[PDB]
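A.B. asks: Below are the structure tokens for one structure; questions will follow.
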Amino acid sequence: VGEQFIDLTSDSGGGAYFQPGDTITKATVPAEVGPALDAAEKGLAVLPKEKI
Amino acid sequence: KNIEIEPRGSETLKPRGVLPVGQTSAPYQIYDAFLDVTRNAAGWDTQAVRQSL
Amino acid sequence: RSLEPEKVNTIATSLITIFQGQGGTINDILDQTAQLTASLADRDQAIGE
Amino acid sequence: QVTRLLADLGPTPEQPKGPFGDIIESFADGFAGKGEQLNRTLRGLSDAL
Amino acid sequence: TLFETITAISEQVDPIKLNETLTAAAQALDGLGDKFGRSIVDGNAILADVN
């Protein structure tokens, strides 16, 4: 339903730490629902049902 | 969630009667289904599958 | 439960290994066995006797 | 995972119908009319073996 | 559109024929799938000795 947030994931979990005012340049974003819906529709549509 | 009862047999179930564990079932959760399908799909080698097909 | 990645990957790799470039081999198998079996079945009465 | 599977195993410009579309098309064309022949062959093989 | 496509496929699935096909396939090798592979290996050895 929603409730977006941001998570900070560090595999090492130790060592040097960020200082105030710095920036994190590496990030990721989840796959959107719209492209997944389009891909599912196309993948199901290309199948020949009479052949099935 | 809700309980569904399917009556069977002729003997009357007395008050405070207990159905055996062998006559009752638990649901297959929707989150269980999502977990199973996602964990199974994570390990797929999609290139190998497409090449085999 | 039938989509376990281990079995799917093993079957996929095995099919790739077995049936890659084997179309001509299987065609030869089918042609030769068709001819041999037709010749053998033309002697059905002889085999029965 | 849904996006990954739909992109990897879905249609491509090289393969417009996708892997599953191509396999169902080939199995439907490759066995059109051979159901009775295959059934007879399997019954005969099972009996003889 | 997605529901229409899934319905179009589902009308073609025809579950009775699928059920009988899958039942036959599962009964074909229900307890012997290792046996068939071992037999293929044995036949490979036999052909290597006979050819």
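Within each chain, counting starts at residue 1; across the structure tokens, chains are named A, B, ... in the order shown, with ligands numbered 1 upward in that order.
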Give me the residues near range 35-49 of chain A as a PyMOL selection string, where near means some atom within 6 Å (using only C-alpha atoms) and where sequence neighbours in that chain fewer than 2 positions away do not count.

C.D. replies: (chain A and resi 33+51-52) or (chain D and resi 3+6+10+17+21) or (chain E and resi 2+9)

A.B. asks: Running DSSP on the backbone, which parts of chain A land in alpha helix (DSSP H), as number ranges by chain?

C.D. replies: A: 33-45

A.B. asks: Work out how far apart CA of residue 33 in chain B and CA of residue 5 in chain D are and give it in Å to one decimal.

C.D. replies: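 Result for CA of residue 33 in chain B versus CA of residue 5 in chain D: 16.8 Å, one decimal.
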
A.B. asks: Ranking D:18, D:13, D:35, D:44 by minimum distance to chain A and counting only C-alpha atoms, which one comes first?

C.D. replies: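 The answer is D:18, which sits nearest to chain A.
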
A.B. asks: When the cut-off is 12 Å and we count only C-alpha atoms, which residues of chain D are near chain A, given as an MDAnalysis selection string?

C.D. replies: chainID D and resid 1:12 15:32

A.B. asks: Using the selection just defined, write its residues with N, CA, C and O atoms as a tab-separated table (two decimals), in the first residue's frame.

C.D. replies:
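As written to disk, out26.tsv reads:
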```
chain	number	residue	atom	x	y	z
D	1	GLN	N	12.09	-9.88	-8.13
D	1	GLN	CA	12.13	-11.21	-8.73
D	1	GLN	C	11.14	-11.35	-9.87
D	1	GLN	O	11.45	-11.97	-10.90
D	2	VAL	N	9.94	-10.78	-9.72
D	2	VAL	CA	8.96	-10.82	-10.80
D	2	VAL	C	9.49	-10.09	-12.03
D	2	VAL	O	9.42	-10.60	-13.15
D	3	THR	N	10.07	-8.90	-11.82
D	3	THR	CA	10.62	-8.14	-12.94
D	3	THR	C	11.77	-8.90	-13.60
D	3	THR	O	11.86	-8.94	-14.84
D	4	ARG	N	12.64	-9.51	-12.80
D	4	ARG	CA	13.78	-10.24	-13.34
D	4	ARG	C	13.33	-11.43	-14.18
D	4	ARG	O	13.83	-11.64	-15.29
D	5	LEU	N	12.38	-12.22	-13.66
D	5	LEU	CA	11.91	-13.38	-14.41
D	5	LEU	C	11.17	-12.96	-15.68
D	5	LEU	O	11.31	-13.60	-16.72
D	6	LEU	N	10.37	-11.89	-15.61
D	6	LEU	CA	9.65	-11.44	-16.80
D	6	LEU	C	10.59	-10.90	-17.86
D	6	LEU	O	10.34	-11.07	-19.06
D	7	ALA	N	11.66	-10.22	-17.46
D	7	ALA	CA	12.60	-9.70	-18.44
D	7	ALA	C	13.46	-10.81	-19.04
D	7	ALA	O	13.68	-10.85	-20.25
D	8	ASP	N	13.95	-11.72	-18.20
D	8	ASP	CA	14.89	-12.73	-18.66
D	8	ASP	C	14.20	-13.78	-19.53
D	8	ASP	O	14.70	-14.15	-20.60
D	9	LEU	N	13.05	-14.28	-19.08
D	9	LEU	CA	12.34	-15.36	-19.76
D	9	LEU	C	11.21	-14.86	-20.65
D	9	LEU	O	10.40	-15.67	-21.12
D	10	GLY	N	11.11	-13.56	-20.87
D	10	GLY	CA	10.04	-13.01	-21.67
D	10	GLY	C	10.42	-12.81	-23.12
D	10	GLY	O	11.47	-13.28	-23.58
D	11	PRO	N	9.57	-12.13	-23.87
D	11	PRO	CA	9.88	-11.85	-25.28
D	11	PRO	C	11.10	-10.97	-25.43
D	11	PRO	O	11.40	-10.12	-24.59
D	12	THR	N	11.82	-11.17	-26.53
D	12	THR	CA	12.96	-10.38	-26.94
D	12	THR	C	12.81	-10.04	-28.41
D	12	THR	O	12.03	-10.69	-29.12
D	15	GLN	N	13.72	-13.11	-30.26
D	15	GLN	CA	12.77	-14.20	-30.05
D	15	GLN	C	11.43	-13.59	-29.66
D	15	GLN	O	11.12	-13.47	-28.46
D	16	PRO	N	10.62	-13.18	-30.64
D	16	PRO	CA	9.40	-12.40	-30.32
D	16	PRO	C	8.41	-13.13	-29.44
D	16	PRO	O	7.74	-12.49	-28.62
D	17	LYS	N	8.28	-14.45	-29.57
D	17	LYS	CA	7.30	-15.20	-28.80
D	17	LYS	C	7.84	-15.66	-27.46
D	17	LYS	O	7.06	-16.16	-26.63
D	18	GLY	N	9.14	-15.51	-27.22
D	18	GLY	CA	9.74	-15.91	-25.97
D	18	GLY	C	10.03	-17.39	-25.92
D	18	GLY	O	9.61	-18.16	-26.78
D	19	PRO	N	10.79	-17.82	-24.90
D	19	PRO	CA	11.13	-19.25	-24.79
D	19	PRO	C	9.93	-20.16	-24.66
D	19	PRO	O	9.84	-21.18	-25.35
D	20	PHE	N	8.98	-19.80	-23.78
D	20	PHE	CA	7.81	-20.63	-23.57
D	20	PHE	C	6.88	-20.62	-24.78
D	20	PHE	O	6.33	-21.66	-25.16
D	21	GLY	N	6.69	-19.45	-25.40
D	21	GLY	CA	5.92	-19.41	-26.63
D	21	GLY	C	6.52	-20.26	-27.73
D	21	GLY	O	5.82	-21.01	-28.40
D	22	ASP	N	7.84	-20.17	-27.91
D	22	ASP	CA	8.50	-20.97	-28.93
D	22	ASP	C	8.40	-22.46	-28.62
D	22	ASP	O	8.17	-23.27	-29.53
D	23	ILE	N	8.56	-22.85	-27.35
D	23	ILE	CA	8.53	-24.28	-27.04
D	23	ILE	C	7.12	-24.84	-27.21
D	23	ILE	O	6.95	-25.95	-27.73
D	24	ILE	N	6.08	-24.08	-26.82
D	24	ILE	CA	4.73	-24.59	-27.00
D	24	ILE	C	4.37	-24.63	-28.48
D	24	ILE	O	3.71	-25.57	-28.94
D	25	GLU	N	4.82	-23.64	-29.26
D	25	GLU	CA	4.57	-23.67	-30.70
D	25	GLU	C	5.25	-24.86	-31.36
D	25	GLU	O	4.66	-25.53	-32.21
D	26	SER	N	6.50	-25.14	-30.98
D	26	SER	CA	7.24	-26.24	-31.60
D	26	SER	C	6.67	-27.59	-31.18
D	26	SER	O	6.62	-28.52	-32.00
D	27	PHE	N	6.25	-27.73	-29.92
D	27	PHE	CA	5.66	-28.99	-29.48
D	27	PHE	C	4.27	-29.20	-30.06
D	27	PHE	O	3.87	-30.35	-30.28
D	28	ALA	N	3.52	-28.13	-30.32
D	28	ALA	CA	2.22	-28.28	-30.96
D	28	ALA	C	2.37	-28.59	-32.45
D	28	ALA	O	1.63	-29.42	-32.99
D	29	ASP	N	3.32	-27.94	-33.12
D	29	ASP	CA	3.56	-28.25	-34.53
D	29	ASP	C	4.29	-29.58	-34.69
D	29	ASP	O	4.02	-30.32	-35.64
D	30	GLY	N	5.21	-29.89	-33.78
D	30	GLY	CA	6.00	-31.10	-33.90
D	30	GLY	C	5.28	-32.38	-33.54
D	30	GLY	O	5.82	-33.46	-33.80
D	31	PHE	N	4.09	-32.29	-32.94
D	31	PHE	CA	3.32	-33.48	-32.59
D	31	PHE	C	1.87	-33.36	-33.05
D	31	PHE	O	0.99	-34.02	-32.48
D	32	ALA	N	1.60	-32.54	-34.06
D	32	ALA	CA	0.25	-32.40	-34.59
D	32	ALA	C	-0.11	-33.63	-35.41
D	32	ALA	O	0.43	-33.83	-36.50
```
